[PDB]
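>>> fold the following, please.
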Amino acid sequence: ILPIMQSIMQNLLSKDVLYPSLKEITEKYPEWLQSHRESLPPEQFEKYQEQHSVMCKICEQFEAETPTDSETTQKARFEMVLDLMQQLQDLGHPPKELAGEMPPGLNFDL
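Residues are numbered from 1 along each chain as shown. There you are, the coordinates:
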């Protein structure tokens, strides 16, 4: 099952599938963070900034893709994105107001 698992991940975390939604939610964080800073515990505020940072790194990987990327660059880039997505999961729930807008499987409610 390791192979089919692998190809589902490759499909789900591809630029074509994930990038539009991800980019849109990422761009909502800065203004949400600015207006909620005063009312949040700094520890939770830091987690949200970290989510924004991790998501920016993913968008940057997607936006760096070119039609002339080697096979090893494409595999390395996927592994970075997978790596970053794990870190996103380990950051727990997004802000309530911004939660639930990722593709199925990628809405972390923990």
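
>>> any chance of the backbone angles for the closest residue in space to residue 50 that isn't next to it in sequence?
In space, and not counting its chain neighbours, residue 50 is closest to residue 91: 5.6 Å by C-beta to C-beta, 6 or more residues apart in numbering. Quick note: C-beta positions are derived from backbone N, CA and C, even for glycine. Here is the backbone geometry of residue 91 (degrees, to the nearest 10): phi -80, psi -10.

>>> residue 5 versus the residue minimising distance to the centre of the chain, what's the distance?
Geometric centre of the chain, nearest residue: residue 55, 4.1 Å, by C-alpha atoms, centre = their mean. Note on residue 55: its distance to residue 5, by C-beta to C-beta, to the nearest Å, is 23 Å.

>>> how near is the nearest residue to residue 102 once chain neighbours are set aside to residue 62?
Spatial nearest neighbour of residue 102, excluding adjacent residues (C-beta to C-beta, 6+ apart): residue 21 at 6.0 Å. Using C-beta to C-beta, residue 21 is found at 11 Å from residue 62.

>>> report the distance from the longest helix seen in the chain to the chain centre.
Using DSSP state H to define each element, the chain has its longest helix at helix 42-64. Here helix 42-64 is found 7 Å from its chain centre; the criterion is C-alpha atoms, centre = their mean, to the nearest Å.
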